[PDB]
Protein chains: 2
Amino acid sequence: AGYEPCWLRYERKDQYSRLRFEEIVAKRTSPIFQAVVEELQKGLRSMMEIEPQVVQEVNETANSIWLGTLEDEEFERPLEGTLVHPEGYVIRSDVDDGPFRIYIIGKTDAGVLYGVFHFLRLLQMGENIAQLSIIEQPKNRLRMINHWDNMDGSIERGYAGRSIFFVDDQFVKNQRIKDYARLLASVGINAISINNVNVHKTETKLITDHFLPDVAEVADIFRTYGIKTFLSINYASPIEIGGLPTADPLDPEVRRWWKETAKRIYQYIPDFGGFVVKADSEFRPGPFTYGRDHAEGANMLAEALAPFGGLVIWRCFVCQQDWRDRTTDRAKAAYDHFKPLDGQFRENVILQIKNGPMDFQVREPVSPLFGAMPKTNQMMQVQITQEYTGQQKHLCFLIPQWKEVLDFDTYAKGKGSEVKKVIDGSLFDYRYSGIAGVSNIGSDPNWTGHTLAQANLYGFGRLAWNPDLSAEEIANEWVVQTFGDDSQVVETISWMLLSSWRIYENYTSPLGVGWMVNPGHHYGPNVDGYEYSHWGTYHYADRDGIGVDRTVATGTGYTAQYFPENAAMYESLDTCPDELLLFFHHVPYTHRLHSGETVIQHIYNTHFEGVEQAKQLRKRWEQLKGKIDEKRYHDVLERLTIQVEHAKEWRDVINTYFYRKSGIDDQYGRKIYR
Amino acid sequence: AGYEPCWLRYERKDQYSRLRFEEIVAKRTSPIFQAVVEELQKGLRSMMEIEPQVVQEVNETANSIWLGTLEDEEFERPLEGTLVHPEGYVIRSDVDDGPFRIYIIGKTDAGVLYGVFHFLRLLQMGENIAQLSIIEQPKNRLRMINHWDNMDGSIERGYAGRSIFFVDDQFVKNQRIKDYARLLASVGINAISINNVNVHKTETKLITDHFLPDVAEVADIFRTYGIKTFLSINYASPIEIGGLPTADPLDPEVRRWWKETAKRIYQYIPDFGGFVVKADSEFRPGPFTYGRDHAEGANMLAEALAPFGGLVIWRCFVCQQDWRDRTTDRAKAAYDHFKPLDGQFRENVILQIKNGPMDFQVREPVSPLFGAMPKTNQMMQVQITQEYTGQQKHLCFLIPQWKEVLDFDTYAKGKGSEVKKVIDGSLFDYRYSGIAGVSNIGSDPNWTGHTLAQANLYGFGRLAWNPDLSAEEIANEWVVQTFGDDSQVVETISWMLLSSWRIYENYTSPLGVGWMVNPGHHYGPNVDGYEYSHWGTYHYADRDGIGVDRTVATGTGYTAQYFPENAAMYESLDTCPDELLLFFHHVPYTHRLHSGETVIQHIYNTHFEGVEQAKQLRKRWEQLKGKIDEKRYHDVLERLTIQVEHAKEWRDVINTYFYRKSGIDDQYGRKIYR
């Protein structure tokens with residue numbers, strides 16, 4: 001009532017698109033099964049207006065939907081016999097000529113849950129289910145959502161309202177949490193960290209008896225939907241709440257303290273997922289404070305969780321550097337610090353690495369760490385909340401970008417060593433690995449601030465489940481389930497989603513150099529915003545050219561962190577892709593791109609044209625008036641207008657800055673304010 | 001105990017610098033007199049180790065210090081007979097050949113208070129008082145201190161600790177307030193606003209019975225020291241706390257509400273000073289919200305205070321403008337909005353105008369409003385807290401700058417129309433006028449963050465009392481009273497104070513263009529920090545030149561706001577002073593200054609040399625080790641080292657930015673990072 005159902009609308013079908021089912025055969029009664037059955041009942045009731053009775057044994061003459069695991073089957077057919085993944089499932093229509101029967105067979109209860117959501121997805125999409133033969137197994141073992149929620153209700157980099165978990169340094173008194181779990185589970189998400197990785201005072205206590213009871217009831221809900229719960233922890237907890245004099249991972253007492261803490265947590269949460277950790281910080285002691293490396297820091301926590309089966313999600317966070325020193329390169333830090341530690345991390349430690357080596361910029365090359373540590377589990381994080389991609393004011397469907405990252409061939413083991421094979425664990429046989437996304441939700445009625453940003457959460461789940469899914473089909477699924485099957489609506493909103501990222505990049509930072517945003521809140525144009533800061537985020541634009549020389553020949557030597565094939569491509573000025581040119585080379589404004597445009601003219605072109613493309617997004621949306629409910633139609637239109645106006649600011653600020661510096665006018669004579 | 005006595009040290013004199021007094025003749029017993037006597041007793045006891053008995057009638061044979069007003073005198077001599085100002089006083093040694101008698105004669109009790117502090121000042125300075133003949137009358141009627149303290153304890157732009165007035169949305173349970181009052185009164189300050197001009201939720205209630213009792217006891221203390229209390233108010237109070245539907249100054253009920261509020265305040269504070277007001281704001285209704293002008297807005301409040309004798313301190317606050325439009329000029333706003341309203345303001349309304357038309361930058365030309373409104377009371381505000389002048393990390397004695405402003409001849413009535421004559425009311429016969437300073441104090445033990453910043457508070461008071469005092473004598477007075485009379489200490493610290501402003505300006509914004517600071521907190525270099533914002537603070541630096549064209553001939557026409565003499569000086573490229581060139585003209589980097597330096601080389605010169613000058617400040621201070629107590633010696637050294645390091649950052653960031661844009665190298669080949 002207070003919020004949208006997002007893509008789980010289960011809109012009532014017309015009289016010609018219904019199914020005839022009299023019973024739902026639930027072979028089990030576990031908490032997950034109860035949630036699964038409830039979801040099926042809700043979907044069939046809302047969509048088909050039918051209320052099949054729930055039974056535990058098939059009625060030979062009734063049209064039924066059978067739910068169970070291989071173990072509950074009478075005749076285990078070949079197809080389901082090939083299932084090896086615990087979360088895998090099979091859906092097949094009985095080939096008999098009698099009653100209509102749909103079999104949703106999962107390897108485990110979780111598999112049945114995902115199978116039912118898949119079945120419900122087919123119904124929402126209006127697919128013919130008369131002769132189904134489906135087998136699905138997730139590619140990534142860990143498909144996680146990371147929350148940056150604080151207990152005071154705020155969300156770090158949250159642009160969709162306040163936390164739905166906390167308020168006034170306490171837990172909110174849980175219906176929305178259940179619906180959130182339903183949404184996550186519908187797209188296969190099986191893990192979640194509920195609190196900000198930057199753990200503050202109150203949040204540090206989430207691992208104590210004071211809050212564990214509340215954390216436990218939240219975990220109880222997520223469990224019913226196959227979701228394991230994680231907590232971000234304060235490495236200095238032994239000091240702050242443990243009464244100990246040090247936080248040193250090698251200190252005997254500190255080690256004991258964490259083991260007892262883990263034991264305590266599992267008493268409340270038997271299947272606790274583990275800890276998400278950002279180990280050094282600038283205001284509290286961390287591993288480096290005592291001269292310990294990342295392996296020593298991570299392994300201590302891993303040892304505390306090991307007896308319970310917990311995992312340590314270790315943030316590969318390596319702050320000030322001098323803008324004066326062009327030999328130092330922030331982009332090289334992650335690889336330089338962790339690559340040497342390969343093989344020294346415990347088996348239940350997973351290094352969390354961002355898609356790029358900097359910080360979720362509109363475009364960044366792939367983190368060199370992927371493919372470089374065959375002996376260390378790795379998990380890629382992407383950012384669903386649009387910190388540097390429009391903050392849900394500007395539309396930006398991130399799926400296309402994530403696919404470019406996932407399909408990037410690292411050539412770690414020769415051709416066919418794509419990032420997705422690295423993180424799904426197949427390339428190096430990782431015990432634990434996967435993908436994570438920083439949540440883009442909040443208390444706003446539409447969950448994500450921008451109605452269309454719901455596609456990024458949905459899309460993240462889809463890719464996490466199977467990176468091979470196309471951006472086109474993912475967008476199609478989301479649009480149809482969320483706005484219906486009207487041909488124009490589908491084609492239009494899909495086009496909007498698929499073109500959005502490129503459009504936003506067009507009027508923001510050029511050719512992969514990134515940044516150029518206002519400091520602090522990171523929203524809006526400010527070319528020199530961090531140009532002279534100690535954050536190592538520089539473009540080095542001067543009156544003659546721009547770009548970071550990251551070549552081995554004359555620059556920072558960052559290209560060498562990639563395997564030979566990619567190293568050479570980026571190293572050479574003539575082979576380096578235009579879209580990443582300024583991230584790898586410092587070139588004159590007159591340098592001609594593969595597109596034929598000079599670097600400076602390219603800047604003007606994409607910025608002027610990006611705004612016109614944004615105007616098109618709005619125009620195409622306006623043409624759908626009458627085919628979308630008034631509330632959502634206006635919610636989105638308001639945002640698109642905000643986008644258009646801001647795009648004009650991005651366009652002009654950037655064009656003027658570069659005109660003022662280069663002195664080179666726009667080839668086409670468009671308006672550049674002096 | 002918890003804080004420094006600042007300049008009221010009253011250090012014990014040696015055996016050869018003492019005075020012989022047996023009695024203090026206090027002719028009156030008012031609260032002010034009791035404070036006055038206590039101060040004299042404290043000073044004489046600490047400095048002279050004597051404890052004269054306090055009596056009400058002179059003892060013909062006793063060495064005495066006589067305190068009283070003309071009315072208490074037996075033989076009213078000529079000198080004191082010339083006193084016309086209520087706060088004026090005379091100090092003279094009896095010319096008899098018998099007992100030693102010092103007469104401190106004031107026009108009113110306040111005059112006696114200021115006379116005693118003057119007498120105590122002479123003692124601290126070691127002046128010969130055997131034959132005194134002194135007459136003093138303050139030039140400015142209003143000598144005010146404005147606090148930006150918030151009730152949650154924070155201080156907007158406060159760099160010396162938390163508020164000494166508030167904490168946890170309440171008043172602090174008052175000894176420091178008394179000592180603060182003593183400090184203010186010692187330098188003649190007679191008015192104070194205790195809360196932030198930006199009035200928030202809790203602060204809005206300072207005008208209600210809930211807090212008035214506390215405000216009253218604070219006011220009681222200040223009264224004993226001749227200080228009138230003011231409150232900053234929320235123009236939208238009728239809505240927020242009055243339960244009214246509008247804040248419109250023309251609304252009959254709103255007008256009544258303010259009258260009743262004033263009446264209520266005076267019941268608690270009979271001599272309440274009035275309101276400090278910033279009338280429109282962006283989150284609450286103000287005069288402009290209802291289409292009313294500044295006169296209508298200010299006069300409504302003036303009418304509420306008029307029956308009680310209260311005054312309305314109206315902030316001349318005129319926010320977004322477009323950086324694209326070079327015809328619009330923020331510097332012109334104040335004059336354009338208020339000049340036309342001259343003569344429409346009630347007599348008890350005083351327009352508060354900043355020394356400059358922008359916002360307390362290291363250097364700004366004088367606000368054109370001074371001298372332009374002969375029919376409207378005007379008060380100049382200066383900023384003691386160093387928002388854009390080092391934030392008390394960098395040393396910056398602001399007295400020299402304030403004197404340049406006060407001595408600026410507006411030629412409003414021909415030669416001899418200096419700003420000081422405008423604000424002291426002599427030029428236009430203003431009923432109420434003066435000067436105000438934004439407080440630079442906080443809870444820090446040394447009150448001002450930087451020990452030497454105590455000189456800015458002291459210095460503000462001295463100038464407020466008599467703008468004709470030289471920066472040299474003011475610095476001398478402060479150094480001697482605060483650190484003693486050692487020849488080297490005096491000469492060194494004085495040199496440091498007197499050179500500090502120019503040094504800081506040398507490595508910050510060039511030739512009066514201002515800004516070039518980090519957005520938000522405003523500390524540190526960021527040349528383009530606000531270059532593309534909507535704040536109207538631009539330098540327009542490009543690859544060929546820099547500066548704002550404010551000329552009538554080709555620019556914004558700002559020069560015309562000054563009278564002919566100054567208008568012409570700034571209008572012409574060859575006569576415009578170098579120090580303000582970039583504020584008035586946009587010129588090529590190769591433009592040659594009166595100094596012979598090109599604009600670009602001047603930038604390099606002052607930035608490289610400014611850092612070397614900062615290093616000198618530290619060097620000269622280090623040479624005083626052993627002649628200053630260890631605590632204060634190290635407190636200051638720590639800050640000077642912080643200054644040196646930051647100056648290096650200012651130097652390099654600015655030099656690199658301009659090298660990158662101009663392409664012109666440093667004439668002397670000093671290190672500029674590419």
# chains A, B, ... in the order shown; residues from 1 in each chain; ligands from 1
$ interface_residues --of "chain B" --to "chain A" --cutoff "10 Å" --atoms "only C-alpha atoms" --output "JSON, numbers by chain"
{"B": [323, 324, 325, 326, 518, 519, 520, 525, 526, 527, 528, 529, 530, 531, 532, 533, 540, 541, 542, 543, 544, 545, 649, 652, 653, 654, 656, 657, 658, 659, 660, 661, 662, 663, 672, 673, 674]}
$ write_last_selection --atoms "N, CA and C atoms" --output "mmCIF file, in the first residue's frame"
data_model
loop_
_atom_site.group_PDB
_atom_site.id
_atom_site.type_symbol
_atom_site.label_atom_id
_atom_site.label_comp_id
_atom_site.auth_asym_id
_atom_site.auth_seq_id
_atom_site.Cartn_x
_atom_site.Cartn_y
_atom_site.Cartn_z
ATOM 1 N N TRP B 323 26.507 31.467 -14.255
ATOM 2 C CA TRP B 323 27.899 31.799 -14.545
ATOM 3 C C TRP B 323 28.062 32.159 -16.018
ATOM 4 N N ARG B 324 27.100 31.731 -16.831
ATOM 5 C CA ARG B 324 27.117 31.990 -18.267
ATOM 6 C C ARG B 324 26.887 33.465 -18.592
ATOM 7 N N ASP B 325 26.069 34.121 -17.775
ATOM 8 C CA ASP B 325 25.726 35.525 -17.985
ATOM 9 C C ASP B 325 26.742 36.490 -17.381
ATOM 10 N N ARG B 326 27.597 37.065 -18.222
ATOM 11 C CA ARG B 326 28.609 37.994 -17.737
ATOM 12 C C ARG B 326 28.081 39.415 -17.558
ATOM 13 N N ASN B 518 38.309 25.884 -1.650
ATOM 14 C CA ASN B 518 37.519 24.661 -1.695
ATOM 15 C C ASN B 518 36.076 25.020 -1.353
ATOM 16 N N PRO B 519 35.103 24.433 -2.066
ATOM 17 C CA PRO B 519 33.690 24.719 -1.799
ATOM 18 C C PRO B 519 33.237 24.154 -0.449
ATOM 19 N N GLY B 520 32.170 24.720 0.101
ATOM 20 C CA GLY B 520 31.670 24.225 1.371
ATOM 21 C C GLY B 520 32.386 24.773 2.593
ATOM 22 N N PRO B 525 43.219 25.808 -1.223
ATOM 23 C CA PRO B 525 43.170 26.089 -2.658
ATOM 24 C C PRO B 525 42.326 25.164 -3.527
ATOM 25 N N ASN B 526 41.592 25.787 -4.440
ATOM 26 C CA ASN B 526 40.744 25.102 -5.400
ATOM 27 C C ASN B 526 40.344 26.230 -6.338
ATOM 28 N N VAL B 527 41.244 26.554 -7.258
ATOM 29 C CA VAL B 527 41.036 27.640 -8.193
ATOM 30 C C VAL B 527 39.662 27.670 -8.850
ATOM 31 N N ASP B 528 39.183 26.522 -9.329
ATOM 32 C CA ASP B 528 37.871 26.459 -9.973
ATOM 33 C C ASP B 528 36.759 26.007 -9.029
ATOM 34 N N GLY B 529 37.056 25.966 -7.735
ATOM 35 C CA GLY B 529 36.074 25.548 -6.749
ATOM 36 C C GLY B 529 34.646 26.014 -6.996
ATOM 37 N N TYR B 530 34.465 27.312 -7.214
ATOM 38 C CA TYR B 530 33.140 27.881 -7.456
ATOM 39 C C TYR B 530 33.051 28.538 -8.832
ATOM 40 N N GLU B 531 34.052 28.298 -9.674
ATOM 41 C CA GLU B 531 34.113 28.909 -11.000
ATOM 42 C C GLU B 531 32.907 28.646 -11.901
ATOM 43 N N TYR B 532 32.217 27.532 -11.676
ATOM 44 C CA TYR B 532 31.040 27.200 -12.470
ATOM 45 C C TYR B 532 29.795 27.005 -11.608
ATOM 46 N N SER B 533 29.781 27.636 -10.439
ATOM 47 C CA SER B 533 28.644 27.522 -9.537
ATOM 48 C C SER B 533 27.657 28.636 -9.841
ATOM 49 N N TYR B 540 36.987 33.871 -14.256
ATOM 50 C CA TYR B 540 37.033 33.771 -15.716
ATOM 51 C C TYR B 540 38.415 33.499 -16.303
ATOM 52 N N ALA B 541 39.259 32.796 -15.565
ATOM 53 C CA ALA B 541 40.580 32.494 -16.090
ATOM 54 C C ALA B 541 40.475 31.562 -17.302
ATOM 55 N N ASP B 542 41.185 31.897 -18.374
ATOM 56 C CA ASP B 542 41.216 31.031 -19.541
ATOM 57 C C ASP B 542 42.670 30.959 -19.998
ATOM 58 N N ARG B 543 42.928 30.392 -21.169
ATOM 59 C CA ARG B 543 44.306 30.244 -21.624
ATOM 60 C C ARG B 543 45.031 31.546 -21.960
ATOM 61 N N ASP B 544 44.284 32.638 -22.118
ATOM 62 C CA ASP B 544 44.884 33.927 -22.459
ATOM 63 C C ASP B 544 44.954 34.957 -21.334
ATOM 64 N N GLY B 545 43.968 34.950 -20.445
ATOM 65 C CA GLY B 545 43.964 35.933 -19.381
ATOM 66 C C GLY B 545 43.035 35.589 -18.236
ATOM 67 N N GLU B 649 50.974 24.122 -0.232
ATOM 68 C CA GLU B 649 49.895 23.570 -1.045
ATOM 69 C C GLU B 649 49.221 24.687 -1.840
ATOM 70 N N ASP B 652 51.715 25.750 -4.754
ATOM 71 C CA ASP B 652 51.769 24.807 -5.862
ATOM 72 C C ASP B 652 50.480 24.625 -6.634
ATOM 73 N N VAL B 653 49.357 24.501 -5.934
ATOM 74 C CA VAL B 653 48.086 24.330 -6.624
ATOM 75 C C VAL B 653 47.829 25.522 -7.543
ATOM 76 N N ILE B 654 48.004 26.732 -7.017
ATOM 77 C CA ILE B 654 47.776 27.925 -7.815
ATOM 78 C C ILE B 654 48.784 28.070 -8.954
ATOM 79 N N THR B 656 50.598 25.730 -10.458
ATOM 80 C CA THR B 656 50.374 24.688 -11.452
ATOM 81 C C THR B 656 49.137 25.000 -12.294
ATOM 82 N N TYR B 657 48.057 25.422 -11.646
ATOM 83 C CA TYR B 657 46.838 25.738 -12.376
ATOM 84 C C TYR B 657 47.099 26.793 -13.445
ATOM 85 N N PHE B 658 47.797 27.854 -13.067
ATOM 86 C CA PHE B 658 48.058 28.916 -14.019
ATOM 87 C C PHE B 658 49.120 28.587 -15.044
ATOM 88 N N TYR B 659 50.017 27.666 -14.712
ATOM 89 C CA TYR B 659 51.015 27.268 -15.692
ATOM 90 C C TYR B 659 50.276 26.422 -16.729
ATOM 91 N N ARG B 660 49.447 25.506 -16.241
ATOM 92 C CA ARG B 660 48.680 24.625 -17.116
ATOM 93 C C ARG B 660 47.759 25.394 -18.050
ATOM 94 N N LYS B 661 47.274 26.541 -17.588
ATOM 95 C CA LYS B 661 46.374 27.337 -18.399
ATOM 96 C C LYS B 661 47.092 28.374 -19.267
ATOM 97 N N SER B 662 48.072 29.071 -18.701
ATOM 98 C CA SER B 662 48.791 30.102 -19.451
ATOM 99 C C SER B 662 49.920 29.565 -20.325
ATOM 100 N N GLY B 663 50.558 28.491 -19.875
ATOM 101 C CA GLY B 663 51.664 27.924 -20.624
ATOM 102 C C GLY B 663 52.921 28.758 -20.457
ATOM 103 N N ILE B 672 57.627 24.449 -10.365
ATOM 104 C CA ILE B 672 56.199 24.423 -10.637
ATOM 105 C C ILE B 672 55.927 23.012 -11.147
ATOM 106 N N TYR B 673 55.080 22.272 -10.448
ATOM 107 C CA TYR B 673 54.773 20.923 -10.890
ATOM 108 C C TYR B 673 53.860 20.984 -12.111
ATOM 109 N N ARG B 674 54.298 20.333 -13.186
ATOM 110 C CA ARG B 674 53.579 20.290 -14.462
ATOM 111 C C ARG B 674 52.104 19.928 -14.351
#
$ residues_around --residues "residue 216 in chain B" --least-positions-apart "6" --cutoff "9 Å" --atoms "only C-alpha atoms" --output "MDAnalysis selection string"
chainID B and resid 229 265 268:269
$ select_by_dssp --residues "range 44-193 of chain B" --states "alpha helix (DSSP H)" --output "ChimeraX atom specification"
/B:44-48,78-81,109-124,175-186
$ write_last_selection --atoms "N, CA and C atoms" --output "mmCIF file, in the first residue's frame"
data_model
loop_
_atom_site.group_PDB
_atom_site.id
_atom_site.type_symbol
_atom_site.label_atom_id
_atom_site.label_comp_id
_atom_site.auth_asym_id
_atom_site.auth_seq_id
_atom_site.Cartn_x
_atom_site.Cartn_y
_atom_site.Cartn_z
ATOM 1 N N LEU B 44 44.768 45.760 40.289
ATOM 2 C CA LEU B 44 45.744 46.298 41.232
ATOM 3 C C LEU B 44 46.340 45.214 42.122
ATOM 4 N N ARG B 45 45.530 44.222 42.476
ATOM 5 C CA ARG B 45 46.011 43.138 43.318
ATOM 6 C C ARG B 45 47.009 42.264 42.550
ATOM 7 N N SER B 46 46.641 41.888 41.331
ATOM 8 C CA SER B 46 47.494 41.043 40.510
ATOM 9 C C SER B 46 48.771 41.762 40.063
ATOM 10 N N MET B 47 48.631 42.997 39.594
ATOM 11 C CA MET B 47 49.784 43.756 39.131
ATOM 12 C C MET B 47 50.619 44.409 40.225
ATOM 13 N N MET B 48 49.960 45.112 41.143
ATOM 14 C CA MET B 48 50.653 45.853 42.199
ATOM 15 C C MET B 48 50.734 45.199 43.568
ATOM 16 N N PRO B 78 37.155 71.964 33.759
ATOM 17 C CA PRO B 78 36.921 72.195 32.329
ATOM 18 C C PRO B 78 36.982 70.968 31.415
ATOM 19 N N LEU B 79 38.094 70.238 31.458
ATOM 20 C CA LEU B 79 38.261 69.062 30.608
ATOM 21 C C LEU B 79 37.039 68.149 30.582
ATOM 22 N N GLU B 80 36.652 67.612 31.735
ATOM 23 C CA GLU B 80 35.491 66.727 31.785
ATOM 24 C C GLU B 80 34.225 67.480 31.395
ATOM 25 N N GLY B 81 34.297 68.805 31.448
ATOM 26 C CA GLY B 81 33.155 69.626 31.089
ATOM 27 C C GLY B 81 32.884 69.611 29.596
ATOM 28 N N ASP B 109 27.833 55.691 33.837
ATOM 29 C CA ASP B 109 28.508 54.541 34.432
ATOM 30 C C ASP B 109 29.364 53.793 33.413
ATOM 31 N N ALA B 110 28.842 53.654 32.199
ATOM 32 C CA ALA B 110 29.559 52.964 31.135
ATOM 33 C C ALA B 110 30.884 53.673 30.881
ATOM 34 N N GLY B 111 30.845 55.001 30.895
ATOM 35 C CA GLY B 111 32.047 55.783 30.678
ATOM 36 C C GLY B 111 33.088 55.484 31.742
ATOM 37 N N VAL B 112 32.632 55.254 32.970
ATOM 38 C CA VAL B 112 33.544 54.946 34.066
ATOM 39 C C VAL B 112 34.153 53.564 33.849
ATOM 40 N N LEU B 113 33.343 52.634 33.348
ATOM 41 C CA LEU B 113 33.823 51.285 33.083
ATOM 42 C C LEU B 113 34.947 51.321 32.050
ATOM 43 N N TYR B 114 34.723 52.037 30.951
ATOM 44 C CA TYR B 114 35.727 52.138 29.896
ATOM 45 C C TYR B 114 36.955 52.910 30.363
ATOM 46 N N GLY B 115 36.742 53.873 31.253
ATOM 47 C CA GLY B 115 37.845 54.653 31.782
ATOM 48 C C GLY B 115 38.748 53.785 32.639
ATOM 49 N N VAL B 116 38.144 52.927 33.456
ATOM 50 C CA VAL B 116 38.911 52.037 34.316
ATOM 51 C C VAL B 116 39.728 51.048 33.487
ATOM 52 N N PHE B 117 39.137 50.517 32.421
ATOM 53 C CA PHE B 117 39.879 49.586 31.583
ATOM 54 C C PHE B 117 41.036 50.300 30.898
ATOM 55 N N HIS B 118 40.848 51.583 30.605
ATOM 56 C CA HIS B 118 41.898 52.375 29.972
ATOM 57 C C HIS B 118 43.005 52.571 31.006
ATOM 58 N N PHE B 119 42.606 52.881 32.236
ATOM 59 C CA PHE B 119 43.570 53.077 33.313
ATOM 60 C C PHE B 119 44.358 51.785 33.530
ATOM 61 N N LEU B 120 43.656 50.657 33.564
ATOM 62 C CA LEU B 120 44.309 49.362 33.752
ATOM 63 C C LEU B 120 45.224 49.028 32.575
ATOM 64 N N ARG B 121 44.847 49.497 31.389
ATOM 65 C CA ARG B 121 45.647 49.270 30.191
ATOM 66 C C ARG B 121 46.969 50.018 30.346
ATOM 67 N N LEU B 122 46.898 51.261 30.815
ATOM 68 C CA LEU B 122 48.110 52.050 31.019
ATOM 69 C C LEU B 122 49.043 51.328 32.000
ATOM 70 N N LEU B 123 48.467 50.734 33.043
ATOM 71 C CA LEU B 123 49.264 50.015 34.030
ATOM 72 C C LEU B 123 49.928 48.786 33.414
ATOM 73 N N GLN B 124 49.167 48.005 32.652
ATOM 74 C CA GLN B 124 49.732 46.821 32.017
ATOM 75 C C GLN B 124 50.859 47.198 31.064
ATOM 76 N N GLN B 175 30.458 31.495 34.408
ATOM 77 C CA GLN B 175 31.695 32.180 34.755
ATOM 78 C C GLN B 175 32.465 32.586 33.502
ATOM 79 N N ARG B 176 32.460 31.736 32.479
ATOM 80 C CA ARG B 176 33.179 32.091 31.260
ATOM 81 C C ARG B 176 32.487 33.241 30.540
ATOM 82 N N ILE B 177 31.169 33.328 30.677
ATOM 83 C CA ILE B 177 30.447 34.413 30.033
ATOM 84 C C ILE B 177 30.852 35.739 30.671
ATOM 85 N N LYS B 178 31.044 35.727 31.988
ATOM 86 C CA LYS B 178 31.450 36.933 32.701
ATOM 87 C C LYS B 178 32.838 37.372 32.237
ATOM 88 N N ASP B 179 33.761 36.421 32.135
ATOM 89 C CA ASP B 179 35.106 36.760 31.696
ATOM 90 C C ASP B 179 35.109 37.216 30.245
ATOM 91 N N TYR B 180 34.192 36.671 29.451
ATOM 92 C CA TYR B 180 34.091 37.064 28.050
ATOM 93 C C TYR B 180 33.608 38.515 28.016
ATOM 94 N N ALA B 181 32.631 38.826 28.867
ATOM 95 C CA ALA B 181 32.081 40.175 28.941
ATOM 96 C C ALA B 181 33.184 41.147 29.349
ATOM 97 N N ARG B 182 34.038 40.712 30.272
ATOM 98 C CA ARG B 182 35.146 41.539 30.735
ATOM 99 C C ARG B 182 36.064 41.851 29.561
ATOM 100 N N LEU B 183 36.373 40.834 28.766
ATOM 101 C CA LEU B 183 37.238 41.020 27.606
ATOM 102 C C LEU B 183 36.620 42.009 26.623
ATOM 103 N N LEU B 184 35.352 41.800 26.283
ATOM 104 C CA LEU B 184 34.676 42.686 25.343
ATOM 105 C C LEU B 184 34.638 44.124 25.849
ATOM 106 N N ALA B 185 34.236 44.294 27.103
ATOM 107 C CA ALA B 185 34.152 45.619 27.709
ATOM 108 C C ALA B 185 35.515 46.304 27.786
ATOM 109 N N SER B 186 36.579 45.521 27.970
ATOM 110 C CA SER B 186 37.918 46.098 28.065
ATOM 111 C C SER B 186 38.276 46.842 26.785
#
$ residues_around --residues "residue 431 in chain B" --least-positions-apart "6" --cutoff "8 Å" --atoms "only C-alpha atoms" --output "VMD selection string"
chain B and resid 347 377 425
$ write_last_selection --atoms "N, CA and C atoms" --output "mmCIF file, in the first residue's frame"
data_model
loop_
_atom_site.group_PDB
_atom_site.id
_atom_site.type_symbol
_atom_site.label_atom_id
_atom_site.label_comp_id
_atom_site.auth_asym_id
_atom_site.auth_seq_id
_atom_site.Cartn_x
_atom_site.Cartn_y
_atom_site.Cartn_z
ATOM 1 N N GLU B 347 13.662 55.057 11.448
ATOM 2 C CA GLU B 347 14.837 55.553 12.145
ATOM 3 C C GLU B 347 15.600 54.533 13.006
ATOM 4 N N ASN B 377 20.539 54.801 8.211
ATOM 5 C CA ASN B 377 21.609 54.407 9.124
ATOM 6 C C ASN B 377 22.357 53.215 8.535
ATOM 7 N N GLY B 425 28.550 57.892 11.832
ATOM 8 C CA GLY B 425 27.429 58.814 11.755
ATOM 9 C C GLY B 425 27.695 60.300 11.572
#
$ residues_around --residues "residue 651 in chain B" --least-positions-apart "6" --cutoff "9 Å" --atoms "only C-alpha atoms" --output "list in words"
residues 506, 507, 508, 525, 604, 606, 607, 608, 609, 610 and 611 of chain B
$ write_last_selection --atoms "C-alpha atoms" --output "compact mmCIF listing (two decimals), in the first residue's frame"
# COMPACT_ATOMS: atom_id res chain seq x y z
CA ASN B 506 50.39 36.50 -1.33
CA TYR B 507 49.80 32.74 -1.60
CA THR B 508 46.02 32.77 -1.99
CA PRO B 525 43.17 26.09 -2.66
CA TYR B 604 54.12 33.09 -9.42
CA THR B 606 53.69 36.20 -4.61
CA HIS B 607 52.98 32.51 -4.29
CA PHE B 608 56.58 31.33 -4.17
CA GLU B 609 57.61 34.28 -2.01
CA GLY B 610 54.56 34.08 0.24
CA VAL B 611 55.61 30.63 1.40
